[PDB]
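Residue numbers (the entry's author numbering): 1 to 162. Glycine is no exception: its CB is placed at the ideal position from the N, C-alpha and C atoms.
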Amino acid sequence: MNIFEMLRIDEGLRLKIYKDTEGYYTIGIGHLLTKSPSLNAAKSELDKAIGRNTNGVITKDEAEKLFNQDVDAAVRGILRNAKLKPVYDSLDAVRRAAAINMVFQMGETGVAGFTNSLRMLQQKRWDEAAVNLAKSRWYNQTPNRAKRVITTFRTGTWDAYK
Ligand SMILES: CCCCc1ccccc1
Ligand SMILES: [Cl-]
Ligand SMILES: [Cl-]
Numbered sequence: 001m002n003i004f005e006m007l008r009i010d011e012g013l014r015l016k017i018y019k020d021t022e023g024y025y026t027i028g029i030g031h032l033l034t035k036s037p038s039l040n041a042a043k044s045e046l047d048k049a050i051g052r053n054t055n056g057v058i059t060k061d062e063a064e065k066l067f068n069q070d071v072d073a074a075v076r077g078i079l080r081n082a083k084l085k086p087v088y089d090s091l092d093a094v095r096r097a098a099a100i101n102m103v104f105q106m107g108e109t110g111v112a113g114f115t116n117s118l119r120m121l122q123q124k125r126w127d128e129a130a131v132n133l134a135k136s137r138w139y140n141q142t143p144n145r146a147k148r149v150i151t152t153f154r155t156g157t158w159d160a161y162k
């Protein structure tokens, strides 16, 4: 298992524009297009991302290309964040995948506002962090996904995904 497979499981793959759990226009493997309610704006953002007149539909290859770029941007966002970087550097490989997952889902901003959990993870207080991470809107809105990521941080294994 790895980050890509993990995210592919959590986000699914859709080749036509769709609304995410928050109701935002998305495509592919969790690639958010726009928070705007307008489908046209979403179609415009899509064509600009792909480099062609898509008409709201993309191929599997195109989806995977966006996905690769988004994973890379997520990591890079982490490494560029002064609050996040040190925590991430302190984690083992599996737990780093859990960190990427969260940033991919909620943005560096989102995740950067979990100070208490960050400190706990940095200290390797797994069970405590796990409890703290669950006291969040994120957990209450997407509990099954949050549970899988939380178990990953708690155990340092891919069990939740097997
Ligand atoms: C809980 C804080 C957000 C997830 C995260 C953890 C460590 C490093 C980067 C990102
Ligand atoms: Cl893009
Ligand atoms: Cl869920």
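Check                                                                                                                                            : Outcome
Ends of the beta strand (DSSP E) at residue 172?                                                                                                 : Residue 172 is absent from the model: the chain starts at 1 and stops at 162.
Going by CA-CA distance only, name the one from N116, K16, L33 and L13 that's closest to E22.                                                    : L33
Compare the C-alpha of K85 against each of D10, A112 and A41 and name the closest.                                                               : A112
Counting only the same chain and skipping the five closest in sequence on each side, list residues whose C-beta sits under 6 Å from that of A99. : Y88
Which class does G28 belong to by DSSP, given the choice of helix, strand or coil?                                                               : strand
Using DSSP with H/G/I as helix, E/B as strand and the rest coil, what is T142?                                                                   : coil
In this structure, how does DSSP classify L91 when only helix, strand and coil are distinguished?                                                : coil
When we look at the beta-carbon of residue 163 and count the other beta-carbons within 10 Å, is it buried (16 or more) or exposed?               : The first residue shown for the chain is 1 and the last is 162, placing residue 163 beyond what the model contains.
If you draw a straight line from the C-alpha of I29 to the C-alpha of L79, how long is it?                                                       : 22 Å
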